[PDB]
Amino acid sequence: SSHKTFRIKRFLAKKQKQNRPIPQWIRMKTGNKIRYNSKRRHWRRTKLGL
Amino acid sequence: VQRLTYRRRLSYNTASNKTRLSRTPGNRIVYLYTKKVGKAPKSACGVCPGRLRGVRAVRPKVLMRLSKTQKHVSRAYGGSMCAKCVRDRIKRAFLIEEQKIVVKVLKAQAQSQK
Amino acid sequence: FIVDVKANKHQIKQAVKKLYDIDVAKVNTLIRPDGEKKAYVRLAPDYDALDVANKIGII
RNA sequence: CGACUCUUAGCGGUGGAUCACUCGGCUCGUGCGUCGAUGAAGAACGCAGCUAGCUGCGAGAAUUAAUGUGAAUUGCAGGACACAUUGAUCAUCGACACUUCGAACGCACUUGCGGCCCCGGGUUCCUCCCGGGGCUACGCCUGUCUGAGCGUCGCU
RNA sequence: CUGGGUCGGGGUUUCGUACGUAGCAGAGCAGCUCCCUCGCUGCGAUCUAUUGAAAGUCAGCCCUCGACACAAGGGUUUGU
RNA sequence: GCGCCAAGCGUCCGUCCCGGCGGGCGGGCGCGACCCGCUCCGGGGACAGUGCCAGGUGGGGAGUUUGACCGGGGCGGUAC
RNA sequence: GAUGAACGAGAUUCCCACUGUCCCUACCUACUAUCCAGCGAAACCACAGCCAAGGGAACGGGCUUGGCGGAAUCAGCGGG
RNA sequence: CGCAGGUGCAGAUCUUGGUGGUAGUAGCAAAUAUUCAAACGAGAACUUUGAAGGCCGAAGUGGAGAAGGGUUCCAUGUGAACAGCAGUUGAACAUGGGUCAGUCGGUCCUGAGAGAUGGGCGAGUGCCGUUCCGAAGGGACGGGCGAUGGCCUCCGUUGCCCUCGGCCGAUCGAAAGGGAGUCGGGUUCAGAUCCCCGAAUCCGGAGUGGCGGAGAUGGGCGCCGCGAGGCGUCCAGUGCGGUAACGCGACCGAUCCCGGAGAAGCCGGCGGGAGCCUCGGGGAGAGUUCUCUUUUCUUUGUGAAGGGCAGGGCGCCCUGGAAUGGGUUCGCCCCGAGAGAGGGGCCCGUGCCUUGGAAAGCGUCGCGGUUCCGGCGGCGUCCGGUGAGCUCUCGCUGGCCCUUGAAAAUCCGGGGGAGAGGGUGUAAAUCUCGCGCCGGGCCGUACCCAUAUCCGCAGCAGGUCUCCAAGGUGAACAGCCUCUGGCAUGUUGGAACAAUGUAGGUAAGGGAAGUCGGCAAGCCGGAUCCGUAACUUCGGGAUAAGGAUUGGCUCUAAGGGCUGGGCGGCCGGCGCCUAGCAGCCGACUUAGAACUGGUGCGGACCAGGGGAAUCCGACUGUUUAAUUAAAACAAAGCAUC
RNA sequence: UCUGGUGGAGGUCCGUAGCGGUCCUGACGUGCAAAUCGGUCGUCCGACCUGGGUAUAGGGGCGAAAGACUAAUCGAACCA
């Protein structure tokens, strides 16, 4: 809701910032094994632990 | 007909969400949130059902920004007691004190003569 | 400006005055969904925001 | 004649078995055998030029200093290091630093509200406003100060 | 020796007299009039005539043959 | 109705003033408001109550059991 | 126990009215089912799948003896 | 050649993974509905624009919030995967951006309750307990005794001692309870009572007085001054008015004490105010004009905070003394404990005028620059009437209760008078009066709020707390149609119209003969006028049963409000409103009649079939969420312990 | 005593919103749905409906009592 605490807002801020795709240059790093961000979270599909 | 919405996040018809209709210079109808109705002081006597006269009927916290004349009547027990019961206590005080002097004199005279 | 989350309007006003040599009329504060604090710093009428922005280098 | 169906072989495909490999486990054995109010374990939030996760770190945040080493780091870029007017990188690590919760410590768990003593700025000993610093938890030991008691007494 | 369509005519049939116009029909009511009652005007559901009228009728009704354009074109196969 | 934060007396001060006493100004103590007596007042009381053992009651509760043969089992029988 | 006005989405009988419940079925409408473009499951599955009698674990798709048997399919159906 | 095993699979409704036939099959059928053209584009049944036809029909498919979600919000781009057809589209993917407050909440207070310490219990982590087995005050008028700093004659800060002093105990507990104070106009792609403009307001501070005003500036004795007016002395002065209710701009005062406000249920009936609807005109723009319609549609403002005036209310006051009782309400109710009558007082004032204010906003007609100038200009934003109308709100007055319908922070008034001030200055202490100066920190704020942002594994016919609420018909927030606003028919389309089905109808003559059973369907249905039985706990049964009417049109009768009563007045006998007369204004109904239609009329919509009995339970109520709503349970009453 | 008014009582009746869930033993029954949909129904000023906050926790709670409910789990939940 609009009414939220500071602790909850800071928790939602962090999940928002970590929902980004992998950068393109990571694939070029020597000995790289990551192809995509397997921890992508969609708001409608998966809900937060909160 | 234009329909209205609340101007605040309280969506319930509570005692602190009362509103009235006002027409703006923009020719729009909006809600204005109203203060609660104040009550004038009730007399300290405890027998008079009506409120006191000469005192503004405002909410208690606004009472401290008014002048003293708006909060009292120029009389003994001014803004706390009604005139009728102030009159009765003046007479009740005087007449009981009169009876006490009479009783003391009667018992002193009776003691002296007996 | 983007400011520290542990900074109130009094600290923001004093800081902006100290490192930019300008007078502040009022400060408004917001915390973004990113998590950082955004300050809207209205300057005094004597000072011009565009001239200050040129000296800082934001335009 | 086909079509359709069945079988076999070749080739091609929904598929990922087998074989080979292994910076992983499991088991046995050896030496040490060290946390914390000087704030532990565990959480939270942050920190990279471009970097989400893992990792490392704490406002000096993918690291400072010091010592050893001795020319790199690297996915791209940028500029150090002139590669001794002593030093890239890495390792080690004894110096410095170490946000918010947490036994968690001013009260309370909401970025809520204080108190005492100092410092700076507005005004000038309003300590009124703002900023900063140090204290302000429970139990308990030795000592210290201030006390109570028709407790036991002495001098009055 | 044309053809089948599409419109249009006509037959059949269904319902039940269309709009407009006119009326001296219409329960009554209002106004003018003279200065005050003849007439006139207006409102008014409904009624009468025009008007067995109006409307629909193959889309799986019947006959036209009057108008309009179109119809020798296309694709896939088949042999004793 | 009102009711407290002493009136009034009796004494002691001033490093305080004005003529040892007096006056003024500011204070102190005692009585007013008695003295003494060991538990605040009252009600119970070596009982109640508590600890330990002993007897009774105790499906409120716990755990368990409720044979076998058998023209299915049960009932009946015992051919157990 | 007996009774009893008012009440009851409680159980029951009869009567009036009403009706497609029925004699005895028919027609109409919408959405399906149908066919097409696109998308696209699941249950279930020893092998499979035409009958009669026989015998058989005493009710066979398979065995014996007869009847017979002709690609690939569509919409329905409820005997197995 | 020896040694040692986790050493051989067809089964175990075996375990994990992979794959078939079914099968291009079932299916993509709940809530009426789409069509034409154009644009972009490789590509259009599905996107966008325009024009048509429809729906939600204000208890909405509308506009906003609370929970919950957490970036889903906004712009640009892509069309790989997903959105069960497509897609130029998206709540998808990618890149950027977006939430601004002293006066809106949190924050503060307590509620039901939760919870430490003291104490007690407990092997123990710990538990009970919240005033109960505690020496539970760390504060303060004031006074004294000392240090210290200053705009230092003096005052202020700091320690110690008297005096006062119940926390009737920490602390937590509400984004719907309590709780000071903000509202107009404009502005964004997305913010806004938060930004800009404007106009206000509350709280706190101001010491070294910020400026005024108040307190507070009189009287007596004389002298001089022609006299006014000044000199000396003495004595007052913590305001004033009204018979009163109370009033005026302030109008000292501590510990202590009393009281008030915060702070009270539900239902009914009346009245006031506003908003909305309605009616009659006047403007501006638009629609229709085949014929009529001087028409039909839209639009036709003044925030908070001050000042004044209506209006509403009053168990408030003064005079006075009432029966031949009177006053008065829809109802009531009121009076020698003071009616009626007259005159005052107070409270509220959300209404009107006014400052704010027209400069702004809106409507309309034009003229500019250029993407925006809150550009510029002209005209207007007018006058009335109605009402058991609806909604909100303010009042008054009743009914009900073996039900009586919070607490605390916080603020105020009064009683008392411990104190302070100055000796006549142009003064003091003091001031809840007017203006002036400074500040108000922290957190939330975007958007969805649901037939697509929440929960149900999903864009799931389910579930999920509220606010506003137009026209017509009509008893209605019923159903039906429409306007403001919204939408695209609910995860696809084209063609056809077979069986069977789901949903909706109709049916000749019979009229329950069907069936366990009138199950299902059908009959009745509104309102007005008549008329209503047995039985009964006398309340009912009752819309019992039964009958008649109902349209359209044209009339008639009745049902009300205001004003007046012999150029402008008035000193006057001269007038007499008196079966209530004249004029003006106005809305909603009721009853009766004529005429009239192919006897059709509560014409759609809405909308009880009835009667005679038996059994059970008295009635209202409750119950097995997901097969039993009942005779089961409860219940008042009765009785027992 | 009768009559006509006024008045507005009630765990009063019809009936919206709301709350519930009778019958069709209708639809659906690999559903829209691990209980939904339609018509028809009960109640609708009260023993009424409902949000938030609070309290009661597994041999325990709560129960106008059906062994009902206690997170799709109840004749003792769920987790290890």
Side-chain angles (χ1 to χ4, degrees), chain A residues 1-7 9-12 14-23 25-30 32 34 37-40 42-44 47-48, chain B residues 1-30 32 34 37-44 48-57 59-84 88-94 96-97, chain C residues 4-6 8-11 14 28-33 35 38 40:
Chain A
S1 50
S2 300
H3 289 150
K4 58 170 81 49
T5 58
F6 181 83
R7 268 180 232 104
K9 189 162 156 195
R10 206 193 26 203
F11 170 81
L12 298 177
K14 191 206 172 103
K15 302 286 199 163
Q16 193 187 301
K17 275 180 313 162
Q18 94 193 4
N19 207 16
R20 284 201 155 157
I22 188 193
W25 82 82
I26 303 302
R27 321 269 270 93
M28 308 300 312
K29 285 172 55 183
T30 282
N32 179 76
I34 310 176
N37 197 352
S38 73
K39 301 203 178 146
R40 297 299 303 279
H42 192 258
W43 58 273
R44 216 152 176 199
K47 294 327 201 146
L48 284 175
Chain B
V1 170
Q2 180 201 329
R3 282 169 283 180
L4 307 154
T5 57
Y6 277 141
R7 324 251 307 252
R8 304 172 182 179
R9 284 209 191 290
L10 181 53
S11 59
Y12 304 109
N13 191 38
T14 36
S16 47
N17 216 29
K18 291 327 208 268
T19 48
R20 70 180 178 85
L21 272 36
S22 86
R23 193 201 299 309
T24 57
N27 226 321
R28 288 156 340 113
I29 296 268
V30 305
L32 278 188
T34 63
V37 173
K39 308 217 250 307
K42 162 167 307 323
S43 183
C48 289
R51 298 306 174 136
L52 280 187
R53 322 208 101 64
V55 184
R56 305 216 24 210
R59 304 305 285 187
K61 287 174 74 173
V62 354
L63 244 191
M64 58 161 304
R65 68 180 185 258
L66 299 171
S67 69
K68 206 177 175 170
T69 77
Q70 306 191 61
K71 303 184 277 205
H72 73 176
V73 152
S74 266
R75 180 167 68 244
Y77 300 85
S80 63
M81 203 157 273
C82 52
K84 149 173 120 143
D88 271 14
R89 298 153 83 91
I90 289 163
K91 282 190 271 133
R92 173 173 278 113
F94 170 71
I96 275 150
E97 296 290 343
Chain C
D4 200 277
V5 280
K6 304 149 60 281
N8 54 59
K9 297 172 174 184
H10 291 130
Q11 309 199 272
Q14 225 50 40
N28 297 59
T29 279
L30 201 181
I31 286 173
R32 316 196 313 173
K38 196 205 301 198
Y40 296 100

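Just so it is clear: chains get the letters A, B, ... in the order the sequence lines come, proteins before strands, and each one is counted from 1. All values below were derived from every heavy atom in this structure, side-chain atoms included, with hydrogens, water molecules and symmetry-related copies excluded.
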Exercise. Would E:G60 and G:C63 count as a Watson-Crick or G-U wobble pair, both distances under 3.5 angstrom?
Worked result: no

Exercise. Closest to the B:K42 side chain: D:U99, H:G260, H:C467?
Worked result: H:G260

Exercise. Are OP1 or OP2 of H:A250 and a side-chain N or O of B:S67 less than 4.0 angstrom apart?
Worked result: yes

For this session: Determine: side-chain N/O of B:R7 to OP1/OP2 of H:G184, distance under 4.0 Å, yes or no.
Result: yes

Exercise. Are any of B:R92's side-chain N or O atoms less than 4.0 Å away from OP1 or OP2 of F:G1?
Worked result: yes

Problem set entry | Which nucleotide in D:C45, H:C411, H:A66 has an atom nearest any side-chain atom of A:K14 | D:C45

Problem set entry | Base D:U110 paired with A:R7 side chain (donor-acceptor, <3.5 Å) | no

For this session: Taking the side chain as every heavy atom from C-beta outward, state whether C:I31 and A:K9 have any atom pair closer than 4.5 Å.
Result: yes

For this session: Select base, sugar-phosphate, or nothing to describe what B:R65 touches, counting heavy atoms under 4.0 Å on all strands.
Result: sugar-phosphate

For this session: Determine the Euclidean distance between corresponding P atoms of H:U556 and H:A607; express it in Å to zero decimal places.
Result: 40 Å

Exercise. Which nucleotide in the list H:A92, D:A44, H:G441 gets nearest to the side chain of C:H10?
Worked result: H:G441

For this session: Look at all strands and tell whether B:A44 reaches a base, only sugar-phosphate, or nothing, counting heavy atoms closer than 4.0 Å.
Result: sugar-phosphate

Exercise. Is H:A452 on the north side or the south side, where north means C1'-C2'-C3'-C4' is positive?
Worked result: south

For this session: Ignoring backbone atoms, establish whether B:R53 has a side-chain N or O less than 4.0 Å from OP1 or OP2 of H:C316.
Result: yes

Exercise. If we require both distances under 3.5 Å, is H:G597 with H:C367 a Watson-Crick or G-U wobble pair?
Worked result: no

For this session: Respond yes when some side-chain nitrogen or oxygen of B:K39 is under 4.0 Å from OP1 or OP2 of H:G262, and no when none is.
Result: yes

Problem set entry | Phosphate OP1/OP2 of H:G262 contacted by B:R59 side-chain N/O (<4.0 Å) | yes

Exercise. Reckon B:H72 touches a base, only the sugar-phosphate, or nothing at all at heavy-atom distances under 4.0 Å?
Worked result: sugar-phosphate

Exercise. Would you call D:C76 and D:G49 a Watson-Crick or G-U wobble pair if both distances must be under 3.5 Å?
Worked result: yes

For this session: For C:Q11, answer base if it contacts any base atom (sugar-phosphate contacts may also be present), sugar-phosphate if it contacts only those atoms, and nothing otherwise; contact means non-hydrogen atoms under 4.0 Å.
Result: sugar-phosphate

For this session: Select base, sugar-phosphate, or nothing to describe what A:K39 touches, counting heavy atoms under 4.0 Å on all strands.
Result: sugar-phosphate

Problem set entry | Candidate nucleotides H:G70, H:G345, D:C47, ranked by approach to the side chain of A:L12 - the nearest | H:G70

Exercise. Would you say H:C348 has OP1 or OP2 under 4.0 Å from some side-chain N or O of B:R56?
Worked result: yes

Exercise. Do B:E97 and F:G1 share a donor-acceptor pair, side chain to base, under 3.5 Å?
Worked result: yes

Exercise. Looking for any heavy atom pair under 4.0 Å, which part of the strands does B:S74 touch: base, sugar-phosphate only, or nothing?
Worked result: base

For this session: Record whether the side chain of B:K18 comes under 3.5 Å of the base of H:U393 through a donor-acceptor pair of N or O atoms.
Result: no

Problem set entry | Taking every non-hydrogen atom, the tightest pair across B:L52 and B:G79 | CD1-O, 3.3 Å

Exercise. Can you check whether B:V30 reaches B:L4 side chain to side chain, under 4.5 Å on heavy atoms?
Worked result: no

For this session: Kindly say whether H:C46 and H:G177 qualify as a Watson-Crick or G-U pair under the rule that both distances are below 3.5 angstrom.
Result: no

Exercise. Reckon C:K9 has a side-chain N or O less than 4.0 Å from the OP1 or OP2 of H:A101?
Worked result: yes

For this session: Quickly work out the A:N32 CG to D:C76 P distance and round it to whole Å.
Result: 13 Å

Exercise. B:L52 near the nucleic acid: base, sugar-phosphate alone, or nothing, with a heavy-atom cut-off under 4.0 Å?
Worked result: nothing

For this session: Under 5.0 Å from any side-chain heavy atom of A:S1, which groove's base atoms show up? Just say major or minor.
Result: major

Exercise. Can you check the B:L32 CG to H:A274 P distance for me, whole Å?
Worked result: 16 Å

Problem set entry | A:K47, nearest nucleotide to its side chain (from H:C433, H:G204, H:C454) | H:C454

For this session: Tell me whether the OP1 or OP2 atom of H:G260 has a side-chain N or O from B:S43 closer than 4.0 Å.
Result: no

Exercise. Does the side-chain ring of C:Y40 sit on the six-membered ring of the H:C100 base, less than 5.5 Å centre to centre and under 30° in tilt?
Worked result: yes

Exercise. In whole Å, what separates the P atom of H:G165 from that of H:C257?
Worked result: 8 Å

Exercise. Using atom P of each nucleotide, how far apart are H:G142 and H:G253 to the nearest Å?
Worked result: 15 Å

Exercise. Does the side chain of B:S80 sit in the major groove or the minor groove, judged by base N or O atoms under 5.0 Å?
Worked result: minor

For this session: Look at B:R51 and H:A261 and indicate whether a side-chain polar atom (N or O) is within less than 4.0 Å of OP1 or OP2.
Result: yes

Seminar exercise, completed: Nearest heavy-atom contact between B:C82 and B:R75 is C-NH2, 4.2 Å

Exercise. Is there a donor-acceptor contact under 3.5 Å from the side chain of A:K29 to the main chain of A:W25?
Worked result: no

Problem set entry | OP1 or OP2 of F:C2 under 4.0 Å from side-chain N/O of B:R89 | yes

For this session: Compare the aromatic ring of A:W25 with the six-membered base ring of D:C50 and state whether they stack according to the 5.5 Å and 30° rule.
Result: yes

For this session: List the atom of B:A44, the atom of B:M81, and the distance in Å for their closest heavy-atom pair.
Result: CB-CE, 3.6 Å

Exercise. Do H:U89 and H:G198 meet the pairing test, Watson-Crick or G-U wobble with both distances under 3.5 Å?
Worked result: no

Exercise. Looking across every strand, which nucleic acid part, if any, lies under 4.0 Å from B:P25 by heavy atom: base, sugar-phosphate, or nothing?
Worked result: base

Exercise. Taking OP1 and OP2 of D:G75, is either one under 4.0 Å from a side-chain nitrogen or oxygen of A:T30?
Worked result: yes

For this session: Return no unless some side-chain N or O of B:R9 is found under 4.0 Å from OP1 or OP2 of H:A66.
Result: yes

Exercise. For C:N28 and H:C194, is the shortest distance between a side-chain N/O and OP1 or OP2 below 4.0 Å?
Worked result: no

